Amino acid sequence: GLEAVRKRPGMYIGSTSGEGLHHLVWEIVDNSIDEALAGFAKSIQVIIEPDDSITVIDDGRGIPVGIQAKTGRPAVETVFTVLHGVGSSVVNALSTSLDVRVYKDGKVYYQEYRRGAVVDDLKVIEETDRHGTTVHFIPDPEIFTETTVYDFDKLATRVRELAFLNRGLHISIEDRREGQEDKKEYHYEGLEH
Ligand SMILES: CCc1[nH]c2nc(Oc3cncnc3)nc(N3C[C@@H]4[C@@H](N)[C@@H]4C3)c2c1Cl
């Protein structure tokens, strides 16, 4: 299973250098983009947290949380724990920690993983009026031995390209790191222009 990803990350993310570090972001963001393509997500936020961890927030439908017949597990758990827009489990495997919050049907469903391994069963932690998925992950320095430090400009450049290629999408990139806080928001207009 996912243990293979931790032992041979080069086969799954191409490189364990800074390039691989940044690749993790796109492996999550691509799923939010897919949900925008499906017609449900309108806005995506990418956040570099103060500790070089990453948060991706969308306002789509939220990852399905119902038990699947084949696995006996919630769909969202399988997304992050089973090797397969199929890279979520790879990001999980290569992170010290990943937490997912699914905002759906007035409830917040929460699960966390540590180096790919489930901490506890999916749980409702809050009520909510919004919908969407929030994924937060801390890249594992055991994997990313060269660097775990994010390049804001590199991320922003691709975020801008993604906004353009997905005309109509609102997508932002934010840096919350000490002494360099910044935010750039992108939105290319559709027929309303
Ligand atoms: C914040 C990141 C995000 N947003 C996401 N938003 C959705 O939205 C839906 C909701 N309902 C059905 N399909 C996708 N799905 C997701 N997944 C379902 C399955 C894709 N192949 C994996 C990840 C995700 C993911 Cl991962």
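Residues numbered from 1 in each chain as written, not as in the entry; some residues may be left out. Heavy atoms only, no water.

Structure determination for this entry is recorded as X-ray crystallography, at 1.70 Å resolution.

Of the regular secondary structure elements, the protein holds six helices and nine strands. Here the protein has a C-alpha radius of gyration of 16 Å; the compact-globule value for 193 residues is 16 Å, and the two agree. With the C-alpha coordinates aligned to their principal axes, the bounding extent of the protein is approximately 50 × 40 × 30 Å. Counting every position in the protein, which comprises 193 residues, the buried fraction comes to 49%. Put simply, the protein shows about 10,000 Å² of open surface, and 48% of that area lies on carbon and sulfur atoms. (Helix = DSSP H or I, 4+ residues; strand = E, 2+ residues; numbered from the N terminus. Rg over C-alpha atoms; globule rule 2.2 N^0.38 Å. Buried < 20%, exposed > 50% of the residue type's maximum accessible area, 1.4 Å probe, protein only. Areas by Shrake-Rupley, 256 points an atom, 1.4 Å probe, with all protein chains shown as cover.)

As a further point, take the site of the ligand. Taken together, 15 residues surround the ligand, and among them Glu-35, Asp-58, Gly-62, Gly-85 and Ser-88 come closest. The side chain of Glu-35 places a nitrogen or oxygen atom 3.1 Å from an oxygen atom of the ligand. Within the side chain of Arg-61, one N or O atom sits 3.4 Å away from a nitrogen atom of the ligand. Considering the ligand on its own, with 550 Å² of exposed area, one finds that the protein chains cover 79% of that surface. Element by element, the count of residues in the shell around the ligand is highest for helix α3 (residues 18-37), at four residues. Taken together, the residues of the shell around the ligand break down into six nonpolar, six polar and three charged. (Near = heavy atom within 4 Å. Polar contact = N/O pair within 3.5 Å; in protein donor to acceptor, adjacent residues only side chain to side chain. Nonpolar A, V, L, I, M, F, W, Y, C, P; charged D, E, K, R; others polar.)

This part covers the pattern of salt bridges. Summed over all chains, the structure comprises 16 salt bridges. Residues joined in a network through salt bridges with shared partners are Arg-6, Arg-115, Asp-140 and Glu-142. (Salt bridge = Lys/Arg side-chain N within 4 Å of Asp/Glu carboxyl O.)

Turning next to the pairing of strand β9 (residues 182-187). As paired elements, strand β8 (residues 170-175) and β9 share six bridges and run antiparallel to each other. The partner of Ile-173 across the bridge, within β9, is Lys-184. Where β8 folds back onto β9 in an antiparallel hairpin, the turn is made up of six residues, including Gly-179, whose phi is positive at roughly 75°. (Pairing = 2+ DSSP bridges.)

Ranked by internal contacts, the top residues of the largest apolar core, which has 45 residues, are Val-25, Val-29, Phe-137, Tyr-150 and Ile-173. For this core, the element with the highest residue contribution is α3, accounting for eight residues. (Core = buried A, V, L, I, M, F, W, Y, C linked by side-chain atoms within 4.5 Å.)

What the rule picks out here adds up to two aromatic pairs. Relative to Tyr-113, the ring of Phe-80 has its centre 5.6 Å away and its plane inclined at 35°; by these criteria the two rings are tilted. Taken as a pair, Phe-80 and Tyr-113 share a single burial class, namely buried. The side chain of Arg-130 reaches across the aromatic face of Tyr-103, ending 4.6 Å from its centre. (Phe/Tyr/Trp six-rings, centres within 6.5 Å; stacked < 30°, edge-to-face > 60°. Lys NZ or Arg CZ within 6 Å of the ring centre and 35° of its normal.)

Position of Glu-77 among the secondary structure elements: in helix α4 (residues 75-81). Relative accessible area serves as the criterion here: at 6%, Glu-77 is assigned to the buried category. Reaching out from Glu-77, the side chain makes a polar contact with the side chain of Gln-111 at a distance of 2.9 Å. Those residues within four positions of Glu-77 in sequence are excluded, and the remaining contacts are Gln-111, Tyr-113 and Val-118. (Contact = heavy atoms within 4.5 Å.)

Contact geometry of α3 with helix α6 (residues 152-165) gives a least axis separation of 11 Å together with a crossing angle of 30°. In this structure, α3 crosses over α6, and the sense of that crossing is right-handed. Together, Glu-19, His-22, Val-25, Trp-26 and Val-29 of α3 and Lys-154, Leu-155, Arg-158, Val-159 and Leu-162 of α6 make up the contact between the two elements. Residue composition of the contact of α3 with α6, by class: six nonpolar, one polar and three charged. (Axes fitted to C-alpha atoms, helices over the stretch in contact; angles between N-to-C directions. Left-handed = near helix turned anticlockwise from the far one by under 90°.)

Another point: the environment of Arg-115. Its place among the elements puts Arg-115 in the loop between β4 (107-114) and β5 (117-118). Residue classification places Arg-115 among the partly exposed positions, given a relative accessible area of 36%. Not counting chain neighbours up to four residues away, the residues in contact with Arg-115 comprise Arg-6, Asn-92, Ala-93, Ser-95, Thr-96, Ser-97, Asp-140 and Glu-142.

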